[PDB]
Structures are given as structure tokens and as C-alpha cells.
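Visitor: experimental coordinates for this protein are included below, preceded by the sequence.
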Amino acid sequence: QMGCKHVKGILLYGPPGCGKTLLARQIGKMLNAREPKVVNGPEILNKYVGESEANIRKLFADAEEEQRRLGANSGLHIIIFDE
Amino acid sequence: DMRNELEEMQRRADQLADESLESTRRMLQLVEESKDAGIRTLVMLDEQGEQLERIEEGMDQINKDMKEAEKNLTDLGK
Ligand SMILES: Nc1ncnc2c1ncn2[C@@H]1O[C@H](COP(=O)(O)OP(=O)(O)O)[C@@H](O)[C@H]1O
């Protein structure tokens, strides 16, 4: 009735080893979301043309297809970016 | 400027055979033998048909002869 969209992402910063991935996984598990995809920044880069972009692009395919199929009654997908 | 590009090479999977030369030869030999057997059966069947046709005429002749003889004997008897 209100017509309000949902928040699309958040950012967590702090010293290493203080429990950020734990919090992210717990948030994902609490909302009855599917298994999250965990990624690492330095491991995406590549030395061929159009390879890093493909890796970045490949993470949204499941959500895209599920929305195209089930419309507005789909589940919740979570993506976690580290570094 | 570590932007590399590549080119491609192709290989052809072996064509459909290397199993069509062991069962094949046996198949051909068996087909030849069956053809020979069929030819022999043809010849024998034609001979048998000729012999049956030959038998027919003697059969008819004996039937006619016996009927005529019986009728003649009956006619003379009475
Ligand atoms: N607040 C916390 N309570 C309990 N264990 C914690 C906490 N913070 C960190 N840990 C422990 O430290 C480990 C590593 O933390 P991690 O999630 O890798 O932190 P970060 O994302 O900041 O590197 C966790 O698996 C857990 O064993």
C-alpha cells in the first residue's frame, strides 16, 4: 500500500578478523534466503580482454532467470563481496 | 596493457567406422550364403511344381478310365 522499495545493499568496514563474514552469513540465513555466493576481489582479475567483466556478470544470472520466470513471487538471492 | 587475444585450431573427430569392418564382412558372407541357398530353393521348387503338374494328368486319366469302365460294366450287367 505504501509503495516503498527495499534497500539494495550495505557496506561493512573495520579491522580484519573482527567478524564481518559471520554477520553477513547470519543476516543471509535469518531472512530465509538461498545459499549466498561469496567472492574475493583479487581473484576476479584476469589478463584477457573481457574476462573480469564476465566473472562480475555471471553472479546475477540465477536471480535474473528466477525473476523472469516467477515474476514477483520469487525468493531472495544474496551476493557477498570480500575486499 | 596486459590485454591478450588468441586464435583457435580445430580437430576432426574420427568418422563413423572402425566397427563397420568386422561385423560387416561376416554380414556380407552370410548374405552371400543365404542368396545361394535361396537360388537352390528356387530351382528345387520349380522342379517340384513341374512334377506335380505331370502327376495331375495321370490322375485325371485314371479317374476317367475307371469311371468309364464302371459305367460300361454296369450297362452290360443289367
Ligand atoms: N564476534 C565474534 N564472536 C565470535 N567469534 C568471532 C567473532 N568475531 C570473530 N570470530 C571468530 O573469528 C573467525 C574469523 O572471523 P571473520 O568472520 O573471518 O572476520 P573478518 O570478516 O573480519 O575477517 C570467525 O569464524 C569466528 O571463529
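Guide: Structure's in. What do you need? Numbers count the residues shown, from 1 in each chain, chains lettered A, B, ... in the order given.
Visitor: phi, psi of the residue of chain A found nearest the ligand?
Guide: Closest residue of chain A to the ligand, CB to the nearest ligand atom: residue A:19 (2.6 Å). All C-beta spots, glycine's among them, are computed from the backbone N, C-alpha and C. The phi and psi values for residue A:19, taken as degrees, to the nearest 10, are phi 90, psi 50.
Visitor: then residue B:35?
Guide: phi -60, psi -40.
Visitor: the one 4 residues further on now?
Guide: Residue B:39 has phi and psi values of phi -60, psi -50 when expressed as degrees, to the nearest 10.
Visitor: just to revisit the earlier point, state the number of residues packed around the residue of chain A closest to the ligand.
Guide: 10 (other CB atoms under 10 Å in any protein chain shown).
Visitor: repeat for the one 5 residues further on
Guide: In terms of burial, residue A:24 registers 18 neighbours under the definition other CB under 10 Å.
Visitor: on that earlier part again, and the residue of chain A closest to the ligand, what is it in contact with?
Guide: For residue A:19, no contacting residues are found, by CB atoms under 8 Å, 6 or more residues apart in numbering or on different chains.
Visitor: now swap in residue A:62 and tell me
Guide: So residue A:62 contacts residue A:77 (CB under 8 Å, 6+ apart).
Visitor: and with 10 Å instead?
Guide: For residue A:62, the contact set (CB atoms under 10 Å, 6 or more residues apart in numbering or on different chains) comprises A:34, A:37, A:75, A:77.
Visitor: farthest pair within these?
Guide: A:37 and A:75 (13.8 Å; CB to CB).
Visitor: interface residues of chain A facing chain B?
Guide: A:45-51 (CB under 10 Å from any CB of the partner chain).
Visitor: helices along chain A, start to end?
Guide: Under the criterion DSSP state H, chain A contains helices at A:20-30, A:52-57, A:61-70.
Visitor: in space, what's closest to the closest residue to the ligand within chain B - neighbours in sequence excluded?
Guide: Chain B approaches the ligand most closely through residue B:2 (29.8 Å), counting by CB to the nearest ligand atom. Among residues not flanking residue B:2 along the chain, residue A:47 sits closest, at 4.7 Å (CB to CB, 6 or more residues apart in numbering or on different chains).
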